[PDB]
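Working notes, structure below.
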Amino acid sequence: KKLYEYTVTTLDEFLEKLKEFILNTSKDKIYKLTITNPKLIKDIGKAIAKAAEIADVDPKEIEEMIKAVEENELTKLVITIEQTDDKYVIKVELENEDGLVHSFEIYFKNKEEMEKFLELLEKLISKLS
């Protein structure tokens, strides 16, 4: 069981760490990526929400995640990418200056579906100018 944490300060860093996660050979692996640049928070949060829409995640969950991404005084996005036990999950936490955190999970049935989602996220982030 391995937990890695990174502070992500550019879009290229975000793409690099998704790659590192996929290529990590551990059976049980967790990467936690922290983003504090509000412009990058919105870029990446909107990309996750769009990827979730394409993946047919619960529409009300996506609507709530967009609400969090659009909220005033956003200060932190934390993305936890987890493969452990029988679970394949991405957790999204959006935090504001007042310390209020909204959290969301996106589950996958297997490893292949999770890596396909991560590749979708990379494609969406790559389109950004």
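Starting from 1 in every chain, residues are counted up; chains themselves are A, B, ... following the order of the structure tokens, and ligands are numbered from 1 as listed.
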Find the nearest atom pair between each residue of segment 1-95 of chain A and segment 114-126 of chain A for residues within 8 Å, count only C-alpha atoms, give distances in Å to one decimal, sort rows by chain and ascending number, and present the table as JSON lines.
```
{"residue": "A:11", "atom": "CA", "partner": "A:125", "partner_atom": "CA", "distance": 7.3}
{"residue": "A:15", "atom": "CA", "partner": "A:122", "partner_atom": "CA", "distance": 6.2}
{"residue": "A:18", "atom": "CA", "partner": "A:118", "partner_atom": "CA", "distance": 7.0}
{"residue": "A:22", "atom": "CA", "partner": "A:115", "partner_atom": "CA", "distance": 6.9}
{"residue": "A:43", "atom": "CA", "partner": "A:125", "partner_atom": "CA", "distance": 7.6}
{"residue": "A:44", "atom": "CA", "partner": "A:125", "partner_atom": "CA", "distance": 7.0}
{"residue": "A:47", "atom": "CA", "partner": "A:124", "partner_atom": "CA", "distance": 5.9}
{"residue": "A:48", "atom": "CA", "partner": "A:121", "partner_atom": "CA", "distance": 6.3}
{"residue": "A:51", "atom": "CA", "partner": "A:121", "partner_atom": "CA", "distance": 6.1}
{"residue": "A:55", "atom": "CA", "partner": "A:117", "partner_atom": "CA", "distance": 7.7}
{"residue": "A:88", "atom": "CA", "partner": "A:114", "partner_atom": "CA", "distance": 6.6}
{"residue": "A:89", "atom": "CA", "partner": "A:114", "partner_atom": "CA", "distance": 7.6}
```
Export of the given selection (C-alpha atoms) as a short mmCIF file (atom, residue, chain, number, x, y, z; two decimals), in the first residue's frame:
```cif
data_model
loop_
_atom_site.label_atom_id
_atom_site.label_comp_id
_atom_site.auth_asym_id
_atom_site.auth_seq_id
_atom_site.Cartn_x
_atom_site.Cartn_y
_atom_site.Cartn_z
CA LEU A 11 -1.15 21.75 -16.42
CA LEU A 15 -0.60 15.40 -17.04
CA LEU A 18 -1.61 11.07 -14.23
CA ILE A 22 -0.94 4.71 -14.57
CA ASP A 43 -9.58 24.20 -15.68
CA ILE A 44 -9.13 20.79 -14.09
CA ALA A 47 -12.36 18.80 -17.28
CA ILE A 48 -13.26 16.22 -14.61
CA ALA A 51 -15.20 13.56 -18.45
CA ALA A 55 -18.80 8.59 -18.69
CA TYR A 88 -11.06 1.86 -8.47
CA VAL A 89 -12.08 5.40 -7.47
#
```
Any idea what's packed within 12 Å of residue 86 of chain A, counting only C-alpha atoms, ignoring anything in its chain fewer than 5 positions away? Could you give it as a list in words?
residues 27, 28, 29, 107, 108, 109, 110 and 111 of chain A
Requested write-out: N, CA, C and O atoms of the selected residues, as a PDB file, in the first residue's frame:
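Output file again-v6.pdb is given in full below:
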```pdb
ATOM      1  N   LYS A  27       0.085  -2.978  -6.886  1.00  0.00           N
ATOM      2  CA  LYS A  27      -1.303  -3.423  -6.840  1.00  0.00           C
ATOM      3  C   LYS A  27      -2.192  -2.411  -6.132  1.00  0.00           C
ATOM      4  O   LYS A  27      -3.337  -2.177  -6.544  1.00  0.00           O
ATOM      5  N   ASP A  28      -1.725  -1.870  -5.016  1.00  0.00           N
ATOM      6  CA  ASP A  28      -2.480  -0.909  -4.228  1.00  0.00           C
ATOM      7  C   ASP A  28      -1.704   0.394  -4.263  1.00  0.00           C
ATOM      8  O   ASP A  28      -0.553   0.443  -3.825  1.00  0.00           O
ATOM      9  N   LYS A  29      -2.312   1.437  -4.821  1.00  0.00           N
ATOM     10  CA  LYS A  29      -1.603   2.688  -5.052  1.00  0.00           C
ATOM     11  C   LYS A  29      -2.605   3.825  -4.926  1.00  0.00           C
ATOM     12  O   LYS A  29      -3.718   3.734  -5.444  1.00  0.00           O
ATOM     13  N   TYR A 107     -16.595   6.139  -9.398  1.00  0.00           N
ATOM     14  CA  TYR A 107     -16.164   4.754  -9.292  1.00  0.00           C
ATOM     15  C   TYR A 107     -16.094   4.109 -10.659  1.00  0.00           C
ATOM     16  O   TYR A 107     -16.802   4.494 -11.593  1.00  0.00           O
ATOM     17  N   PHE A 108     -15.225   3.116 -10.757  1.00  0.00           N
ATOM     18  CA  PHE A 108     -15.043   2.353 -11.975  1.00  0.00           C
ATOM     19  C   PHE A 108     -15.159   0.871 -11.629  1.00  0.00           C
ATOM     20  O   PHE A 108     -14.759   0.427 -10.553  1.00  0.00           O
ATOM     21  N   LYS A 109     -15.658   0.109 -12.575  1.00  0.00           N
ATOM     22  CA  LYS A 109     -15.833  -1.317 -12.343  1.00  0.00           C
ATOM     23  C   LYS A 109     -14.539  -2.112 -12.391  1.00  0.00           C
ATOM     24  O   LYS A 109     -14.489  -3.223 -11.826  1.00  0.00           O
ATOM     25  N   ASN A 110     -13.516  -1.609 -13.085  1.00  0.00           N
ATOM     26  CA  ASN A 110     -12.239  -2.290 -13.188  1.00  0.00           C
ATOM     27  C   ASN A 110     -11.162  -1.277 -13.543  1.00  0.00           C
ATOM     28  O   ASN A 110     -11.430  -0.080 -13.713  1.00  0.00           O
ATOM     29  N   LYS A 111      -9.934  -1.790 -13.638  1.00  0.00           N
ATOM     30  CA  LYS A 111      -8.765  -0.964 -13.888  1.00  0.00           C
ATOM     31  C   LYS A 111      -8.816  -0.339 -15.262  1.00  0.00           C
ATOM     32  O   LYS A 111      -8.475   0.842 -15.424  1.00  0.00           O
TER      33      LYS A 111
END
```
Using only C-alpha atoms, the residue out of A:13, A:20, A:63, A:82 with shortest distance to residue 45 of chain A is A:63
Using the chain letters and numbers from this document, which residues of segment 26-103 of chain A does DSSP assign to alpha helix (DSSP H), as a CSV table (one decimal) with C-alpha atoms, in the first residue's frame?
```
chain,number,residue,atom,x,y,z
A,38,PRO,CA,-7.8,29.0,-8.8
A,39,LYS,CA,-7.4,29.2,-12.6
A,40,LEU,CA,-6.0,25.7,-12.7
A,41,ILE,CA,-8.7,24.5,-10.2
A,42,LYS,CA,-11.4,25.7,-12.6
A,43,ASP,CA,-9.6,24.2,-15.7
A,44,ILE,CA,-9.1,20.8,-14.1
A,45,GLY,CA,-12.5,20.7,-12.3
A,46,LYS,CA,-14.4,21.5,-15.5
A,47,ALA,CA,-12.4,18.8,-17.3
A,48,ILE,CA,-13.3,16.2,-14.6
A,49,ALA,CA,-16.9,17.2,-14.8
A,50,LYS,CA,-17.0,16.9,-18.6
A,51,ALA,CA,-15.2,13.6,-18.4
A,52,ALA,CA,-17.9,12.4,-15.9
A,53,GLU,CA,-20.6,13.6,-18.3
A,54,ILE,CA,-19.1,11.5,-21.1
A,59,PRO,CA,-26.2,14.0,-13.6
A,60,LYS,CA,-27.1,15.4,-10.2
A,61,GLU,CA,-23.6,14.6,-8.9
A,62,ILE,CA,-22.0,16.4,-11.9
A,63,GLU,CA,-24.3,19.4,-11.3
A,64,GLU,CA,-23.2,19.6,-7.7
A,65,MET,CA,-19.5,19.3,-8.7
A,66,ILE,CA,-19.9,22.2,-11.2
A,67,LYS,CA,-21.6,24.2,-8.4
A,68,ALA,CA,-18.5,23.7,-6.3
A,69,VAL,CA,-16.1,24.5,-9.1
```
Name the residues of chain A that come out as strand (DSSP E or B) in a backbone DSSP run; write them as a VMD selection string.
chain A and resid 2 to 7 29 to 35 74 to 84 87 to 96 101 to 108
For the residues in the current selection, export C-alpha atoms as a compact mmCIF listing (two decimals), in the first residue's frame.
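Full text of again_35.txt as output:
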```txt
# COMPACT_ATOMS: atom_id res chain seq x y z
CA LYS A 2 1.67 3.19 -1.22
CA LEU A 3 0.46 6.80 -0.86
CA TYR A 4 2.08 9.57 -2.90
CA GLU A 5 1.25 13.29 -2.65
CA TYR A 6 2.15 16.06 -5.12
CA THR A 7 1.47 19.79 -5.33
CA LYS A 29 -1.60 2.69 -5.05
CA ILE A 30 -3.00 6.12 -4.12
CA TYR A 31 -1.93 9.48 -5.63
CA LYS A 32 -3.20 12.70 -4.06
CA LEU A 33 -2.78 15.81 -6.25
CA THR A 34 -3.25 19.25 -4.68
CA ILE A 35 -3.94 22.31 -6.81
CA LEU A 74 -12.05 28.61 -4.02
CA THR A 75 -8.66 27.86 -2.56
CA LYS A 76 -7.89 24.16 -3.07
CA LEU A 77 -8.72 21.22 -5.30
CA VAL A 78 -7.53 17.81 -4.13
CA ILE A 79 -7.86 14.84 -6.49
CA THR A 80 -7.27 11.41 -4.96
CA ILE A 81 -6.70 8.66 -7.55
CA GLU A 82 -7.05 5.27 -5.82
CA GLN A 83 -6.62 1.63 -6.78
CA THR A 84 -6.90 -0.46 -3.61
CA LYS A 87 -11.92 -0.47 -5.61
CA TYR A 88 -11.06 1.86 -8.47
CA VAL A 89 -12.08 5.40 -7.47
CA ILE A 90 -11.31 9.07 -8.01
CA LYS A 91 -12.24 11.46 -5.20
CA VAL A 92 -12.60 15.21 -5.89
CA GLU A 93 -12.50 17.68 -3.00
CA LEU A 94 -13.13 21.39 -3.53
CA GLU A 95 -12.32 23.68 -0.60
CA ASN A 96 -13.00 27.39 -0.08
CA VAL A 101 -15.08 21.18 1.60
CA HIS A 102 -17.41 19.58 -0.95
CA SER A 103 -16.45 16.01 -1.93
CA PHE A 104 -17.44 13.75 -4.82
CA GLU A 105 -16.50 10.21 -5.87
CA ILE A 106 -16.40 8.55 -9.27
CA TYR A 107 -16.16 4.75 -9.29
CA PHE A 108 -15.04 2.35 -11.98
```
Interatomic distance (Å, one decimal) between atom CA of residue 97 of chain A and atom CA of residue 70 of chain A
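Going from atom CA of residue 97 of chain A over to atom CA of residue 70 of chain A covers 13.7 Å.
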Hey, which of A:85, A:71, A:113, A:36 ends up closest to residue 9 of chain A? Count only C-alpha atoms.
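Looking at the shortest contact to residue 9 of chain A, the residue is A:36.
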Give me, please, the distance in Å between atom CA of residue 8 of chain A and atom CA of residue 99 of chain A, quoted to one decimal.
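The value is 20.1 Å.
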Atom-to-atom span, atom CA of residue 19 of chain A and atom CA of residue 128 of chain A, Å:
17.8 Å
